[PDB]
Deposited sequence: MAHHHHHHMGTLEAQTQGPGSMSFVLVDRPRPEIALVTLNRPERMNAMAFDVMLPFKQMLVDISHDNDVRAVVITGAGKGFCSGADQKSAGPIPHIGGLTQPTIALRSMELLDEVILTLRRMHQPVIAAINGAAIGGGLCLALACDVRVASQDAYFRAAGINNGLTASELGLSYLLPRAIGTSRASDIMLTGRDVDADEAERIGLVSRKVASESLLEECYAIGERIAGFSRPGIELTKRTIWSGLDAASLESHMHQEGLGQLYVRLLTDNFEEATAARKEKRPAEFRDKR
């Protein structure tokens, strides 16, 4: 009921947050089947790319094993649960593309930023709603990931005012990389997914990982070691590069076998 999965294209999974009346709020009865679904899809090798979207007008508007626990540990467990949604998205083998169909506020914004790629429809808007909710603006990666997406100036402004950021702004400042018509939003994300599906699987998987490890790295030279090894790993253990050369000489798109 609360989370839907579809296969709109043969290698592309679409995950729908489905509690439209609550704008797909990050309640636990949503976020728990959400997390498990992500784990299942990471393990499913027919899937090369994943799109996330909200049912209805919003994208996302942001407990078990609690026997014997007091309220303060329980709250710790509840936040940990949401933290794990964020880290699970980042750890998935496949790139995750956020199809931001509407409001993406508070934790919904953090959810977008936990994806690899972000696409806005004309109707998407964003807010750091933690601050409007009388708490902090910062939760679930937001104070880490927002400035790395759009820079300090724009991130501070957004986090300290709790103002609305519309689709035009979002694309202008690089909060999303694309902005499209509402009724083409998913189609655009599928088109992204399909380009990804035609690339090397380990090639793609290591690319996603080096980007995230790249945020968590503070030496160029150290990080370059990880990047190089993955390039050589795929080069030596597949015939992909010979195949891309052979395809481009025979004026043809490449078909990658990911093995010798």
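- If you line the structure up with the deposited chain, the stretches without a C-alpha atom are 1-22, 85-92.
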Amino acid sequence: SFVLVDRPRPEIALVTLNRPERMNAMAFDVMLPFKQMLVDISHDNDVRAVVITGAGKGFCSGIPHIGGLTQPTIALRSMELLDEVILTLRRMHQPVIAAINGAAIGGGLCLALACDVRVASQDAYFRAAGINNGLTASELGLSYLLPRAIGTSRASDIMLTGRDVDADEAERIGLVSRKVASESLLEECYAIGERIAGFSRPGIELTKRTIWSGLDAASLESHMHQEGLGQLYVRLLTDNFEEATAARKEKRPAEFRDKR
From here on, numbers count along this sequence of modelled residues.
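- In this entry, the higher average B-factor at the C-alpha atoms falls on 175-183, of the pair 175-183 and 152-160.
- The mean Cα B-factor in the deposited entry runs higher for 67-75 than for the other of 126-134 and 67-75.
- Highest C-alpha temperature factor among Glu221, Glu205, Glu227, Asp29 per the entry: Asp29.
- Remark: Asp166 belongs to the middle third of its chain, ranked by C-alpha B-factor as recorded.
- In the PDB entry, a CA B factor belonging to the highest third of its chain's modelled residues is recorded for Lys35.
- Per the deposited record, the Cα B-factor of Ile211 falls in the lowest third when ranked against the other modelled residues of its chain.
- In this PDB entry, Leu232 carries a Cα temperature factor that places it within the lowest third of its chain's modelled residues.
- Per-chain ranking of the deposited C-alpha B factor places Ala217 in the lowest third.
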